[PDB]
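*Asks:* Dropping the structure in here first, questions after.
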There are 4 protein chains.
Amino acid sequence: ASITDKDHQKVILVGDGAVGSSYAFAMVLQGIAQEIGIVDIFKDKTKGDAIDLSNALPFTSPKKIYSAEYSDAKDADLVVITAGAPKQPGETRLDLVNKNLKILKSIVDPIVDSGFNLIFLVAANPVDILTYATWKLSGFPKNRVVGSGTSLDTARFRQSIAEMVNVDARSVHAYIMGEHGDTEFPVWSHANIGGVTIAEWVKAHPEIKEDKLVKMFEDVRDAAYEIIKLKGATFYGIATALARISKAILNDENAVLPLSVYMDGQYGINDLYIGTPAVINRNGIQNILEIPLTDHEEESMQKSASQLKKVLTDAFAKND
Amino acid sequence: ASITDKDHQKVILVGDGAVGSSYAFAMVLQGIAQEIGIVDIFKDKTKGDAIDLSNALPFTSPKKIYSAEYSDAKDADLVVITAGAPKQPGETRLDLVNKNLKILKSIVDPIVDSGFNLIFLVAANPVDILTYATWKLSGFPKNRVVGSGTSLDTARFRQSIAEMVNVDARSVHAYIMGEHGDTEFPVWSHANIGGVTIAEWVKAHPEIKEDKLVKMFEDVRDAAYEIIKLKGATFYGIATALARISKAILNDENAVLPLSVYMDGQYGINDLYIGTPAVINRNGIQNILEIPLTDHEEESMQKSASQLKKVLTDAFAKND
Amino acid sequence: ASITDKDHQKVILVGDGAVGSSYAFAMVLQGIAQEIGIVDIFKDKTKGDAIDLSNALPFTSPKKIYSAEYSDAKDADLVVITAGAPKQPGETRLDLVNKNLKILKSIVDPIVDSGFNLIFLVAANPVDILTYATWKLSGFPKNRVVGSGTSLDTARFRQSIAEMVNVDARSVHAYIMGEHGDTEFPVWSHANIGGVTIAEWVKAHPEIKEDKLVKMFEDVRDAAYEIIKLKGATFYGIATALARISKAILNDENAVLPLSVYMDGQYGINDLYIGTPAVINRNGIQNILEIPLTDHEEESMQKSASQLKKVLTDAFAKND
Amino acid sequence: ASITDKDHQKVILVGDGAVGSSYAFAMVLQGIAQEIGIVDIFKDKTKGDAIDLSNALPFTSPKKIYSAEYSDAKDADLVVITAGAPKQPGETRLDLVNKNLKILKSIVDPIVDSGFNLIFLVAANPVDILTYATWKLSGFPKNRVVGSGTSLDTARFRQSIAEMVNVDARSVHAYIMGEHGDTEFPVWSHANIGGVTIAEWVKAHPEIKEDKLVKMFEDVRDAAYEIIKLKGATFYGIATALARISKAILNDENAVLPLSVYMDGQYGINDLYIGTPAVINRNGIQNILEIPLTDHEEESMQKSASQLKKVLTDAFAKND
Ligand SMILES: O=P(O)(O)OC[C@H]1O[C@@](O)(COP(=O)(O)O)[C@@H](O)[C@@H]1O
Ligand SMILES: O=P(O)(O)OC[C@H]1O[C@@](O)(COP(=O)(O)O)[C@@H](O)[C@@H]1O
């Protein structure tokens with residue numbers, strides 16, 4: 001069997017800026033890519049980041065890394081629109097959803113005409129808003145548009161529930177839901193290490209009336225800002241997440257991960273993107289786990305998912 | 001060869017809540033995904049969990065992680081409906097099978113219309129019930145609907161048969177069968193470390209009339225509840241299982257794993273989903289190993305698989 | 001879903017001699033192959049090298065390894081023509097390009113008729129010459145014919161820029177360009193460890209007028225010959241490179257690697273194969289990074305790429 | 001904290017011939033060594049095999065590889081006497097135990113004087129005989145002298161019990177015991193895939209009176225000879241085993257592996273080395289699992305372990 005291009009995986013990066021360059025480096029070492037295409041409106045930083053990354057191969061599982069546009073854009077198995085991103089930070093704001101939504105067109109339309117047929121994976125803030133955005137333009141169904149969000153707020157959470165105690169991460173379970181900052185509510189009602197559970201039977205009850213808890217998610221959600229100093233680089237933690245997430249869909253792991261899905265009354269919030277522990281495989285997401293939120297984390301959810309449906313509604317008015 | 005989207009793996013997570021966010025993190029690091037799409041009825045927690053996970057990439061094998069709906073839902077190679085989950089806990093109850101079964105429609109129908117053609121991987125409790133559920137709506141054959149179950153009760157079991165002795169996990173063999181809690185019966189009749197076997201030749205016989213055994217599965221099946229305290233987070237152990245399981249189908253490993261399959265008189269229980277050590281590869285499951293259950297673990301099985309066929313029957317009555 | 005052959009990766013080795021047997025061993029352990037087919041004009045060394053490699057599986061990610069010909073030659077995802085090699089050594093000589101070019105026909109034609117549709121990956125010296133050769137017969141486009149070259153001269157370079165200092169490899173950046181021996185010029189003008197740079201700001205300027213440098217590439221390019229003694233085995237270093245490279249295309253990593261690409265005025269050398277830091281993914285290569293060579297490494301390039309265009313021209317005269 | 005040599009692992013290879021060069025290549029890629037020292041009575045093949053292996057590092061976890069003698073011989077964490085080997089093949093013969101036993105002195109004494117304090121790992125045939133040999137000279141206790149043997153006869157066995165059926169290796173359990181060829185007896189009485197068992201309940205009983213079985217260990221133990229043709233290279237399968245085994249002791253995995261241990265009435269064979277499924281960790285072996293051999297595999301054992309105690313006795317008469 002003859003003339004070639006042995007891939008049978010493809011991934012397209014749409015930002016060889018920070019997050020992207022890192023997503024790249026990981027995808028190179030963790031070894032989850034069989035040809036990687038790197039875009040962003042420059043070309044210089046991409047012939048550079050390639051002749052580096054591609055040098056960084058005799059110590060890793062081989063591929064080919066280039067620089068793209070959107071011709072080399074089909075043959076893909078994943079597309080990652082990693083910080084196809086505007087400038088007003090995050091905390092699902094209002095008019096942010098504008099300054100993107102044309103640099104979300106300028107790059108969603110031509111990765112479609114060539115013959116996309118995969119999963120989009122938009123980690124480009126504000127996320128929840130965005131993946132609804134990335135949905136509506138693409139025509140692409142209620143899963144192939146995978147969001148992101150939650151992933152990098154739980155990973156944090158975990159590793160403060162961590163260091164408090166001794167237990168390794170990857171043991172230690174608990175989520176975050178809603179969006180990404182300013183809304184979030186830790187599902188403490190789940191919260192476990194080792195099959196245990198924090199404060200129903202053992203560590204006792206409330207949050208604010210005891211001295212101890214909560215404090216450490218008043219510095220998980222604030223934990224971006226606190227490194228929107230020393231570089232600006234909330235850029236590792238995320239890229240290393242877009243890799244877990246990306247290895248999961250594509251390796252076909254029938255995994256478990258929080259990521260802004262599409263909500264059909266897999267709560268009662270419906271027709272936003274906001275997110276939750278869902279299950280992702282090659283095709284896209286298949287089945288969204290829903291959570292007894294107690295009575296309070298039900299509220300907290302209900303008033304996240306409301307504050308989108310106002311930034312999601314004042315903006316899906318396309319004609320730039 | 002031109003315009004792009006190098007994937008050739010795809011995974012769709014349907015709950016970027018707890019289990020999902022974790023399934024995600026793993027799939028990012030263990031490196032089994034080539035584009036991951038993250039859903040759940042929010043959008044906020046998903047643009048968040050993405051711009052984290054996708055940051056968490058320069059230290060891992062690259063992809064793209066987004067937020068979905070069900071358009072970006074084909075191109076998939078796996079779908080993981082990870083805690084597409086209602087609120088009454090687990091122990092295959094009765095009416096539980098209702099409060100889901102519409103948030104199992106609200107998310108099974110649109111991951112079908114786009115053109116799903118893969119394996120479903122529902123880890124969304126109660127499992128056994130559910131994957132029959134996920135079967136009947138999908139039309140999708142008696143394997144492509146992979147269940148879950150058993151996996152996270154054997155992994156526990158193993159690691160108490162473990163710590164008792166010294167032997168590493170991954171040595172140490174023994175299963176659990178039936179469902180998930182309140183029915184289970186450890187196949188002690190298999191039970192080995194090192195090619196040995198526990199209590200036919202060496203460690204002597206019965207269970208309850210000696211002092212020693214059993215006790216430690218009276219705290220494997222109870223081992224969920226005991227961390228339905230300290231968080232609620234029976235959320236790591238599982239996600240790390242949906243990864244083994246997910247790497248297996250998709251990497252095409254012709255593996256061995258317990259997971260709620262479909263029973264044709266691969267016992268005599270037939271036409272539930274309940275489960276057993278079966279064998280899974282890219283396509284789906286191919287061949288279900290059946291076990292000389294002795295005379296007692298035959299009974300125990302027979303009366304698990306009965307207690308579904310009453311929760312499975314009082315509920316498959318679809319029209320919400 | 002029924003009757004089987006779960007692969008969805010395929011790799012065909014066209015030399016179960018040295019380099020090949022090693023490429024094999026790696027591909028077995030690093031775990032980048034889902035069925036491997038092994039050829040070379042014998043059959044004995046291949047039923048041998050298989051019933052070894054295939055034994056070397058309970059400690060690795062499973063597949064199937066056989067012995068081929070060119071019927072079992074489609075279904076492939078990569079073909080590696082690993083030392084489809086004649087006897088006059090390397091340093092892109094002249095008439096070498098003859099003694100191959102019929103054992104490059106004897107094996108390129110029948111891996112085409114069966115229905116090849118992938119990437120060729122020829123690491124069979126002289127390389128640059130060869131992949132133009134492997135191109136012209138195949139009809140297969142300007143990427144699916146991936147070369148090799150450069151990879152194993154940079155990896156060396158790196159690990160002398162290394163041991164001098166302390167810094168690990170995989171940190172340490174710098175390339176080699178041109179071909180493979182006797183032409184090469186290290187892009188010192190890039191050359192960095194840690195974001196630093198060697199001798200523009202810190203370590204001062206020239207090469208030959210100071211005492212120190214250069215010396216250690218007068219023993220990188222000579223570093224083949226110096227192990228064309230103690231065995232002849234310039235056979236590990238390379239095979240471990242065909243693995244990085246091979247994992248890259250196929251895993252779809254949108255990577256960065258030097259490998260003889262095809263030059264369209266991605267310099268001004270055009271219509272040879274000579275090479276540079278390019279970017280490779282499943283499909284083939286997508287986008288070739290080009291380098292400000294300064295004023296001298298521009299010359300050095302220009303007079304590599306000239307010395308082919310004389311061995312490339314005196315020989316593409318096919319009719320054996 | 002100052003002036004350096006960050007290792008905290010050390011491994012010494014005592015044959016940079018075939019098996020060794022391979023053990024090396026693996027230890028380089030699987031990444032289980034933090035400085036490797038390579039010996040064998042040459043020096044040429046070792047400066048060669050190093051300036052290859054050490055080139056084969058920008059695609060792997062860094063170390064330092066040299067060429068030794070026995071000064072650079074302490075600081076070690078393991079010593080592997082990999083084919084410190086004479087010429088009459090294997091099948092624990094008689095006088096073989098002579099032609100070694102002085103090239104087992106010529107190399108055991110000086111890796112002792114420097115201040116060895118670890119595990120010996122002799123995979124140098126005949127093994128069983130040898131590790132008793134390597135014991136008696138060293139003074140080193142009844143575990144730190146780890147043998148080898150069995151490992152590469154079970155791995156084979158497994159992968160014929162395999163290919164017959166579909167199940168991946170690493171599932172599939174069953175051992176081999178005794179020595180290494182011409183004595184061996186498969187513990188079929190254990191023999192399982194998936195928790196099942198071959199021929200007590202399902203596949204029916206005897207061996208020779210049915211047509212089917214046995215045949216495929218009449219070509220596991222003969223499976224060396226059959227590649228003592230096509231090269232001679234029973235050299236991969238083994239080296240990839242000395243890696244599993246070596247990662248196990250040193251990573252401290254409290255693992256399970258067959259390897260010629262020391263038998264105290266962990267049967268009734270006592271005071272040979274012959275072997276069985278034992279358990280190995282950093283220090284050495286801790287606890288040897290013993291097996292209900294039925295009534296026949298008891299005999300077969302008893303008459304392996306007898307045929308040493310005649311080659312082990314006619315030779316431990318040291319004074320060359
Ligand atoms: O688990 P390790 O120690 O690597 O043993 C590997 C070999 O051991 C076996 O004898 C089976 O061991 P387990 O049943 O405890 O997993 C053989 O089938 C494997 O190839
Ligand atoms: O080998 P996989 O498919 O990963 O199964 C993992 C689990 O399976 C087991 O039930 C034992 O499987 P094997 O005896 O074939 O190795 C449980 O002990 C493990 O944790």
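By convention in this document, the chains of the structure tokens carry letters A, B, ... by their order, each chain's residues are numbered from 1, and ligands are numbered from 1 in the order they are shown.
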Which residues of segment 204-258 of chain A have any atom within 12 Å of an atom in segment 247-254 of chain C when counting only C-alpha atoms, and what is the closest pair of atoms for each, with the distance in Å to one decimal? Order the rows by chain and rising number and write it as JSON lines.
*Replies:*
{"residue": "A:243", "atom": "CA", "partner": "C:253", "partner_atom": "CA", "distance": 11.2}
{"residue": "A:246", "atom": "CA", "partner": "C:253", "partner_atom": "CA", "distance": 11.4}
{"residue": "A:247", "atom": "CA", "partner": "C:251", "partner_atom": "CA", "distance": 10.4}
{"residue": "A:250", "atom": "CA", "partner": "C:251", "partner_atom": "CA", "distance": 9.8}
{"residue": "A:251", "atom": "CA", "partner": "C:251", "partner_atom": "CA", "distance": 10.0}
*Asks:* For the residues in that selection, give me C-alpha atoms as a PDB file, in the first residue's frame.
*Replies:*
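Okay, selection20.pdb is ready:
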ATOM      1  CA  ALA A 243      -4.255  18.197  26.967  1.00  0.00           C
ATOM      2  CA  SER A 246      -7.852  16.572  24.384  1.00  0.00           C
ATOM      3  CA  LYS A 247      -6.381  13.209  25.004  1.00  0.00           C
ATOM      4  CA  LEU A 250      -9.570  11.330  20.392  1.00  0.00           C
ATOM      5  CA  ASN A 251      -8.127   8.489  22.495  1.00  0.00           C
TER       6      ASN A 251
END
*Asks:* Write out as an MDAnalysis selection string each polymer residue whose atoms come within 6 Å of segment 6-10 of chain B, counting only C-alpha atoms; drop sequence neighbours fewer than 4 positions from it.
*Replies:* (chainID A and resid 8:11 75:78 249:251 281:284) or (chainID B and resid 34:35 76:77) or (chainID C and resid 252)
*Asks:* Given a cut-off of 9 Å, which residues of chain D touch chain A, counting only C-alpha atoms, written out as a count of residues only?
*Replies:* 7
*Asks:* Can you work out which residues are within 8 Å of ligand 2, considering only C-alpha atoms and all ligand atoms, and then hand them over as a ChimeraX atom specification?
*Replies:* /B:151,154-158,169-176,244-245,248,255-258,277 /D:170-173,192-195
*Asks:* Given the selection you just returned, output its residues as a file containing N, CA and C atoms, formatted as a compact mmCIF listing (two decimals), in the first residue's frame.
*Replies:*
# COMPACT_ATOMS: atom_id res chain seq x y z
N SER B 151 -16.19 -2.06 37.31
CA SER B 151 -14.86 -1.42 37.33
C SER B 151 -14.46 -0.79 38.66
N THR B 154 -14.42 -3.40 41.73
CA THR B 154 -13.29 -4.34 41.74
C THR B 154 -11.98 -3.68 42.12
N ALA B 155 -11.79 -2.46 41.64
CA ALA B 155 -10.57 -1.68 41.87
C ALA B 155 -10.36 -1.40 43.35
N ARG B 156 -11.48 -1.31 44.02
CA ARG B 156 -11.52 -1.14 45.47
C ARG B 156 -11.11 -2.42 46.16
N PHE B 157 -11.89 -3.43 45.84
CA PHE B 157 -11.75 -4.80 46.33
C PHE B 157 -10.30 -5.26 46.32
N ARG B 158 -9.73 -5.14 45.13
CA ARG B 158 -8.31 -5.36 44.84
C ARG B 158 -7.42 -4.68 45.86
N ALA B 169 -1.09 -3.41 43.53
CA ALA B 169 -2.29 -3.57 42.68
C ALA B 169 -1.81 -3.96 41.28
N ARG B 170 -2.62 -4.19 40.28
CA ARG B 170 -2.05 -4.60 38.96
C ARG B 170 -1.36 -5.97 38.96
N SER B 171 -1.17 -6.53 40.15
CA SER B 171 -0.81 -7.93 40.33
C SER B 171 -2.13 -8.66 40.60
N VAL B 172 -2.38 -8.74 41.89
CA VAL B 172 -3.67 -8.89 42.60
C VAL B 172 -4.93 -8.88 41.74
N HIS B 173 -5.51 -10.04 41.58
CA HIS B 173 -6.74 -10.23 40.82
C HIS B 173 -7.89 -10.71 41.69
N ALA B 174 -9.05 -10.27 41.28
CA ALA B 174 -10.38 -10.64 41.77
C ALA B 174 -11.40 -9.61 41.32
N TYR B 175 -12.59 -10.09 41.10
CA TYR B 175 -13.64 -9.23 40.58
C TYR B 175 -14.75 -8.97 41.58
N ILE B 176 -15.64 -8.18 41.07
CA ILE B 176 -16.96 -7.99 41.62
C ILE B 176 -17.94 -8.11 40.46
N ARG B 244 -9.12 4.23 32.01
CA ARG B 244 -8.62 2.88 31.69
C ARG B 244 -9.52 2.28 30.63
N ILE B 245 -10.78 2.37 30.99
CA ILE B 245 -11.84 1.83 30.17
C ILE B 245 -11.84 2.53 28.83
N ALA B 248 -8.88 1.73 26.53
CA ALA B 248 -9.03 0.34 26.06
C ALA B 248 -9.81 0.16 24.76
N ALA B 255 -8.80 -5.92 25.39
CA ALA B 255 -8.55 -5.89 26.83
C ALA B 255 -9.43 -6.83 27.64
N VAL B 256 -9.27 -6.79 28.94
CA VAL B 256 -10.20 -7.42 29.89
C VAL B 256 -10.61 -6.48 31.01
N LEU B 257 -11.92 -6.29 31.10
CA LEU B 257 -12.60 -5.40 32.04
C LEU B 257 -14.06 -5.80 32.26
N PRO B 258 -14.44 -5.81 33.51
CA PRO B 258 -15.85 -5.77 33.92
C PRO B 258 -16.52 -4.43 33.63
N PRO B 277 -16.72 -9.62 33.77
CA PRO B 277 -15.50 -9.54 32.93
C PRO B 277 -15.77 -9.80 31.45
N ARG D 170 -0.95 -9.00 29.36
CA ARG D 170 -1.29 -8.08 30.49
C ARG D 170 -2.69 -8.28 31.07
N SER D 171 -3.50 -9.08 30.39
CA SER D 171 -4.75 -9.62 30.93
C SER D 171 -4.40 -11.01 31.45
N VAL D 172 -4.60 -11.93 30.53
CA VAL D 172 -3.99 -13.28 30.37
C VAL D 172 -2.90 -13.65 31.36
N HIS D 173 -3.25 -14.52 32.27
CA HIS D 173 -2.34 -15.03 33.29
C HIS D 173 -2.08 -16.52 33.16
N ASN D 192 -5.36 -18.62 33.56
CA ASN D 192 -6.55 -17.80 33.28
C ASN D 192 -6.39 -16.56 32.42
N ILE D 193 -7.47 -16.34 31.73
CA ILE D 193 -7.82 -15.04 31.16
C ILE D 193 -9.17 -14.56 31.67
N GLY D 194 -9.20 -13.41 32.30
CA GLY D 194 -10.47 -12.75 32.67
C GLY D 194 -11.09 -13.27 33.96
N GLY D 195 -10.38 -14.13 34.65
CA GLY D 195 -10.86 -14.65 35.93
C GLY D 195 -11.35 -16.08 35.78
*Asks:* For segment 296-301 of chain C, list every protein, DNA or RNA residue within 7 Å, evaluated using only C-alpha atoms, and leave out those in the same chain fewer than 5 positions away; present the list as number ranges by chain.
*Replies:* C: 178, 185, 187
*Asks:* Enumerate the residues of segment 55-285 of chain A with a DSSP assignment of alpha helix (DSSP H), computed from the backbone, and present them as an MDAnalysis selection string.
*Replies:* chainID A and resid 96:99 127:138 151:161 239:251
*Asks:* Those same residues - N, CA and C atoms - I'd like them written as a short mmCIF file (atom, residue, chain, number, x, y, z; two decimals), in the first residue's frame.
*Replies:*
data_model
loop_
_atom_site.label_atom_id
_atom_site.label_comp_id
_atom_site.auth_asym_id
_atom_site.auth_seq_id
_atom_site.Cartn_x
_atom_site.Cartn_y
_atom_site.Cartn_z
N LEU A 96 -17.85 41.89 26.26
CA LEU A 96 -16.67 41.06 25.89
C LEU A 96 -17.02 40.19 24.70
N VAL A 97 -18.21 39.66 24.84
CA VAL A 97 -18.88 38.79 23.89
C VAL A 97 -19.04 39.44 22.53
N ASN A 98 -18.77 40.72 22.47
CA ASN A 98 -18.64 41.43 21.19
C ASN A 98 -17.24 41.41 20.58
N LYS A 99 -16.24 41.92 21.30
CA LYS A 99 -14.88 42.10 20.75
C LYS A 99 -14.23 40.80 20.27
N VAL A 127 -15.59 31.56 28.18
CA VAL A 127 -15.82 30.25 27.57
C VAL A 127 -17.28 29.87 27.30
N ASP A 128 -18.10 29.86 28.33
CA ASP A 128 -19.49 29.39 28.26
C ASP A 128 -20.28 30.07 27.14
N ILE A 129 -20.17 31.36 27.15
CA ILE A 129 -20.71 32.24 26.11
C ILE A 129 -20.23 31.82 24.74
N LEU A 130 -18.98 31.44 24.75
CA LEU A 130 -18.24 31.35 23.51
C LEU A 130 -18.60 30.11 22.75
N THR A 131 -18.83 29.07 23.49
CA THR A 131 -19.00 27.80 22.83
C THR A 131 -20.41 27.65 22.28
N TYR A 132 -21.31 28.44 22.85
CA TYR A 132 -22.63 28.69 22.25
C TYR A 132 -22.42 29.47 20.97
N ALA A 133 -21.48 30.40 21.04
CA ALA A 133 -21.11 31.22 19.88
C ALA A 133 -20.53 30.37 18.77
N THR A 134 -19.64 29.51 19.18
CA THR A 134 -18.89 28.67 18.27
C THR A 134 -19.80 27.61 17.67
N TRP A 135 -20.85 27.31 18.41
CA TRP A 135 -21.95 26.41 17.99
C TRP A 135 -22.79 27.03 16.88
N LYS A 136 -23.34 28.19 17.18
CA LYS A 136 -24.33 28.80 16.30
C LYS A 136 -23.83 29.16 14.91
N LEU A 137 -22.55 29.39 14.81
CA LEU A 137 -21.96 29.74 13.51
C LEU A 137 -21.64 28.49 12.72
N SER A 138 -21.25 27.48 13.46
CA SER A 138 -20.71 26.27 12.85
C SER A 138 -21.80 25.38 12.28
N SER A 151 -12.95 22.65 34.15
CA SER A 151 -11.65 21.95 34.23
C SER A 151 -10.58 22.65 35.06
N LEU A 152 -10.31 23.90 34.74
CA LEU A 152 -9.24 24.63 35.43
C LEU A 152 -9.70 25.36 36.69
N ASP A 153 -10.90 25.12 37.08
CA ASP A 153 -11.27 25.63 38.40
C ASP A 153 -11.41 24.49 39.40
N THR A 154 -11.67 23.30 38.88
CA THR A 154 -11.68 22.12 39.75
C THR A 154 -10.28 21.65 40.10
N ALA A 155 -9.39 21.72 39.13
CA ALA A 155 -7.99 21.27 39.27
C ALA A 155 -7.26 22.06 40.34
N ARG A 156 -7.70 23.29 40.47
CA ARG A 156 -7.21 24.19 41.50
C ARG A 156 -7.73 23.78 42.86
N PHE A 157 -9.04 23.76 42.91
CA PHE A 157 -9.84 23.40 44.07
C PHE A 157 -9.30 22.15 44.76
N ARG A 158 -9.18 21.12 43.95
CA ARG A 158 -8.56 19.83 44.28
C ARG A 158 -7.23 20.03 44.99
N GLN A 159 -6.40 20.86 44.38
CA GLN A 159 -5.08 21.14 44.94
C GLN A 159 -4.98 22.35 45.87
N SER A 160 -6.06 22.52 46.60
CA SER A 160 -6.00 23.21 47.89
C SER A 160 -6.62 22.37 49.00
N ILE A 161 -7.46 21.43 48.58
CA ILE A 161 -8.14 20.41 49.42
C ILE A 161 -7.16 19.32 49.78
N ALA A 239 -3.18 24.91 29.66
CA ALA A 239 -2.71 24.15 28.51
C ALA A 239 -2.56 22.68 28.87
N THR A 240 -2.12 22.46 30.09
CA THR A 240 -2.02 21.11 30.62
C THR A 240 -3.39 20.47 30.86
N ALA A 241 -4.39 21.32 30.93
CA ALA A 241 -5.78 20.84 30.95
C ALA A 241 -6.36 20.57 29.56
N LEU A 242 -6.08 21.45 28.61
CA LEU A 242 -6.55 21.21 27.24
C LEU A 242 -5.92 19.95 26.68
N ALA A 243 -4.88 19.47 27.33
CA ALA A 243 -4.25 18.20 26.97
C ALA A 243 -4.96 16.97 27.54
N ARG A 244 -5.35 17.03 28.81
CA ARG A 244 -6.14 15.94 29.45
C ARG A 244 -7.42 15.77 28.66
N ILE A 245 -8.03 16.92 28.50
CA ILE A 245 -9.29 17.02 27.82
C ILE A 245 -9.14 16.54 26.39
N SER A 246 -8.03 16.92 25.79
CA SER A 246 -7.85 16.57 24.38
C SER A 246 -7.43 15.16 24.17
N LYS A 247 -6.84 14.57 25.17
CA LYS A 247 -6.38 13.21 25.00
C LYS A 247 -7.61 12.33 25.12
N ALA A 248 -8.53 12.79 25.94
CA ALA A 248 -9.78 12.08 26.28
C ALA A 248 -10.74 11.84 25.11
N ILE A 249 -11.13 12.93 24.47
CA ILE A 249 -11.77 12.88 23.14
C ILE A 249 -10.62 12.67 22.21
N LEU A 250 -10.69 11.75 21.25
CA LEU A 250 -9.57 11.33 20.39
C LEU A 250 -8.92 10.01 20.81
N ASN A 251 -8.59 9.83 22.08
CA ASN A 251 -8.13 8.49 22.50
C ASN A 251 -9.29 7.54 22.78
#
*Asks:* Could you please determine the separation between atom CA of residue 266 of chain C and atom CA of residue 291 of chain C in Å, to one decimal place?
*Replies:*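 Between atom CA of residue 266 of chain C and atom CA of residue 291 of chain C the gap is 9.0 Å.
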*Asks:* Distance atom CA of residue 100 of chain A-atom CA of residue 86 of chain A, one decimal place?
*Replies:*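 We find that atom CA of residue 100 of chain A and atom CA of residue 86 of chain A lie 5.5 Å from each other.
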